Structure formats: C-alpha cells, structure tokens
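S.K.: Pasting in a structure now, in structure tokens, and then I'll have a few things to ask.
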Amino acid sequence: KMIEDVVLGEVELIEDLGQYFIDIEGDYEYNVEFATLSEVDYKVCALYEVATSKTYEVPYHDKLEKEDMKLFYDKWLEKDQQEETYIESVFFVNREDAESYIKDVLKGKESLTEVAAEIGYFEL
C-alpha cells in the first residue's frame, strides 16, 4: 500500500494552493464535500496536505442554476466558516502526487459548477 506513517514537524507556514469540490447533495439545503490543497512548510522540509471536509445544510434554499453559482459558492463559504467541517488529511512529498490524488482518487473538480454539472444539476 502507498500510505506510510509520518510524524510531522513544527509548522512554520501554511499556504493554501486551492480548493477542489467533490460532491454536492440536496435540493434546498445542500451538503458540499471538498478538499483543500496546501503547502505546509516545516522547519526543515515542506509537505503538501490534502484535507477533506464536508459542509452540511448550506441554506441556499433555491434550485441550482449555472448562472447563479457564485451565489451558491458564497452561501457555501458562509456556512463553512461557521462550523467545523474538517474530516481528514493525507500528506504528500510532491505536489503532482497530491494533485493526482485529488483528481483521480477523490475525483475533485476545480469549481462547484463542474461538480454540479457532472452530478446533473445542469449541463455544461
């Protein structure tokens, strides 16, 4: 298996490299599963973190339409900032492996619109 045990160091800096959306559920209130890619600088080396989270009961209270997705994004972020949504992390020595993990294992997309389209809220 490809996963090993590591004991991490003292974090100097964390840089968010992007958010990737994995799933959208619901028809009135929405759940949004997502992953965050970060570069974590320790005293002596850096690792890439892929952190999976899930936000529940985003009170968007409207049918999803492609032209409205910034509205949906804002509502999601507003809900996500209110409560603890972190689930788990996998760390990577190199960034290409972390992005491959997001893309082909988690099936994360770079936007909510892409996920909503593949689920079937609308076509793209």
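Ordering of the structure tokens sets the chain letters (A, B, ...); residue numbers start at 1 within each chain; ligands are numbered from 1 in the order shown.
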Would you list, as a PyMOL selection string, the residues of segment 40-122 of chain A that end up in strand (DSSP E or B) under DSSP run on this structure's backbone?
M.R.: chain A and resi 40-42+46-58+86-92+109
S.K.: Okay, now the selection with N, CA and C atoms, as a tab-separated table (two decimals), in the first residue's frame?
M.R.:
chain	number	residue	atom	x	y	z
A	40	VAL	N	2.64	22.95	3.24
A	40	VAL	CA	2.94	23.12	4.65
A	40	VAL	C	4.45	23.14	4.79
A	41	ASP	N	4.98	24.28	5.22
A	41	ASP	CA	6.41	24.46	5.42
A	41	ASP	C	6.76	24.11	6.86
A	42	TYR	N	7.62	23.12	7.06
A	42	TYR	CA	8.14	22.82	8.38
A	42	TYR	C	9.51	23.47	8.51
A	46	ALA	N	9.15	20.72	3.45
A	46	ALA	CA	7.76	21.03	3.19
A	46	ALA	C	7.02	19.79	2.70
A	47	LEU	N	5.74	19.68	3.07
A	47	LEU	CA	4.89	18.61	2.57
A	47	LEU	C	3.61	19.23	2.02
A	48	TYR	N	2.93	18.55	1.12
A	48	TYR	CA	1.64	19.02	0.63
A	48	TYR	C	0.52	18.28	1.35
A	49	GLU	N	-0.45	19.02	1.86
A	49	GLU	CA	-1.58	18.45	2.58
A	49	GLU	C	-2.81	18.48	1.70
A	50	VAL	N	-3.51	17.35	1.63
A	50	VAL	CA	-4.82	17.27	1.02
A	50	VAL	C	-5.80	17.00	2.15
A	51	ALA	N	-6.60	18.01	2.49
A	51	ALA	CA	-7.52	17.95	3.62
A	51	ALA	C	-8.93	17.85	3.08
A	52	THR	N	-9.64	16.78	3.42
A	52	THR	CA	-11.03	16.63	3.03
A	52	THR	C	-11.94	17.15	4.15
A	53	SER	N	-13.00	17.86	3.73
A	53	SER	CA	-14.01	18.45	4.61
A	53	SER	C	-15.39	18.24	3.99
A	54	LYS	N	-16.42	18.40	4.82
A	54	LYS	CA	-17.79	18.38	4.30
A	54	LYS	C	-18.63	19.39	5.07
A	55	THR	N	-19.29	20.28	4.32
A	55	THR	CA	-20.14	21.33	4.85
A	55	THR	C	-21.57	20.85	4.73
A	56	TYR	N	-22.36	21.00	5.79
A	56	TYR	CA	-23.73	20.50	5.79
A	56	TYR	C	-24.73	21.64	5.86
A	57	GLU	N	-25.87	21.43	5.21
A	57	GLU	CA	-27.03	22.31	5.36
A	57	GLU	C	-26.72	23.75	4.99
A	58	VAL	N	-26.09	23.91	3.83
A	58	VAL	CA	-25.91	25.23	3.25
A	58	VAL	C	-27.30	25.74	2.90
A	86	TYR	N	-13.82	20.04	8.87
A	86	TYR	CA	-12.69	19.17	8.55
A	86	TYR	C	-12.97	17.70	8.89
A	87	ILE	N	-12.54	16.80	8.00
A	87	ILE	CA	-12.67	15.36	8.20
A	87	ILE	C	-11.30	14.70	8.38
A	88	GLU	N	-10.43	14.79	7.38
A	88	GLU	CA	-9.18	14.02	7.44
A	88	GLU	C	-8.18	14.56	6.43
A	89	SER	N	-6.92	14.12	6.57
A	89	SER	CA	-5.83	14.58	5.71
A	89	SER	C	-4.96	13.43	5.22
A	90	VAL	N	-4.43	13.60	4.02
A	90	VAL	CA	-3.32	12.79	3.53
A	90	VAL	C	-2.22	13.74	3.08
A	91	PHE	N	-0.98	13.43	3.44
A	91	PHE	CA	0.16	14.28	3.10
A	91	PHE	C	0.97	13.64	1.97
A	92	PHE	N	1.67	14.49	1.22
A	92	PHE	CA	2.38	14.12	0.01
A	92	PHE	C	3.75	14.77	0.00
A	109	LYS	N	-12.98	18.40	-8.44
A	109	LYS	CA	-13.01	19.33	-9.56
A	109	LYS	C	-12.64	20.71	-9.05
S.K.: Compare A:21, A:121, A:72, A:101 by their minimum atom-to-atom distance to residue 59 of chain A, counting only C-alpha atoms, and give me the closest one.
M.R.: A:72
S.K.: Pick out the closest residue to residue 39 of chain A from this set: A:4, A:23, A:16, A:96. Count only C-alpha atoms.
M.R.: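 Of A:4, A:23, A:16, A:96, the one nearest residue 39 of chain A, counting only C-alpha atoms, is A:16.
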S.K.: Could you pull out the residues in chain A that DSSP calls alpha helix (DSSP H) from the backbone, as an NGL selection string?
M.R.: :A and (69-82 or 95-100 or 112-119)
S.K.: Print the selection's residues with C-alpha atoms to a file, as an mmCIF file, in the first residue's frame.
M.R.:
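Output below, filename out27.cif:
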data_model
loop_
_atom_site.group_PDB
_atom_site.id
_atom_site.type_symbol
_atom_site.label_atom_id
_atom_site.label_comp_id
_atom_site.auth_asym_id
_atom_site.auth_seq_id
_atom_site.Cartn_x
_atom_site.Cartn_y
_atom_site.Cartn_z
ATOM 1 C CA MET A 69 -23.221 29.522 -8.951
ATOM 2 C CA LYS A 70 -21.279 32.451 -7.458
ATOM 3 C CA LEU A 71 -24.313 32.957 -5.200
ATOM 4 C CA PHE A 72 -24.141 29.288 -4.241
ATOM 5 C CA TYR A 73 -20.404 29.497 -3.673
ATOM 6 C CA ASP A 74 -20.855 32.449 -1.349
ATOM 7 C CA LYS A 75 -23.586 30.709 0.647
ATOM 8 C CA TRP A 76 -21.426 27.605 0.938
ATOM 9 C CA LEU A 77 -18.437 29.577 2.163
ATOM 10 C CA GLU A 78 -20.588 31.495 4.608
ATOM 11 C CA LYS A 79 -21.837 28.255 6.105
ATOM 12 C CA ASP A 80 -18.448 26.598 6.056
ATOM 13 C CA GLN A 81 -16.832 29.375 8.079
ATOM 14 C CA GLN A 82 -19.443 28.989 10.846
ATOM 15 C CA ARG A 95 2.659 18.291 -5.390
ATOM 16 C CA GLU A 96 1.964 16.312 -8.568
ATOM 17 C CA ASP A 97 1.108 13.246 -6.456
ATOM 18 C CA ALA A 98 -1.241 15.331 -4.295
ATOM 19 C CA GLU A 99 -2.999 16.756 -7.349
ATOM 20 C CA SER A 100 -3.268 13.291 -8.932
ATOM 21 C CA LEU A 112 -18.646 23.840 -7.811
ATOM 22 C CA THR A 113 -20.092 24.296 -11.297
ATOM 23 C CA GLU A 114 -18.064 21.370 -12.644
ATOM 24 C CA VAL A 115 -19.258 19.065 -9.827
ATOM 25 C CA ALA A 116 -22.862 20.229 -10.057
ATOM 26 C CA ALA A 117 -22.764 19.568 -13.799
ATOM 27 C CA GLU A 118 -21.411 16.054 -13.504
ATOM 28 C CA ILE A 119 -23.996 15.201 -10.813
#
S.K.: Here is a test: counting only C-alpha atoms, which residue of A:65, A:9, A:35, A:44 is nearest to residue 22 of chain A?
M.R.: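 Residue with the minimum atom-to-atom distance to residue 22 of chain A: A:35.
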S.K.: Which of these, A:31, A:19, A:38, A:85, has the shortest distance to residue 103 of chain A once you count only C-alpha atoms?
M.R.: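 Closest residue, counting only C-alpha atoms: A:19.
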S.K.: Can you tell me how far atom CA of residue 107 of chain A sits from atom CA of residue 68 of chain A, in Å to one decimal?
M.R.: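 Atom-to-atom, atom CA of residue 107 of chain A to atom CA of residue 68 of chain A, that is 23.2 Å.
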S.K.: Measuring between only C-alpha atoms, which one of A:13, A:83, A:2, A:104 shows the shortest distance to residue 43 of chain A?
M.R.: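 Among the listed residues, the smallest separation from residue 43 of chain A belongs to A:13.
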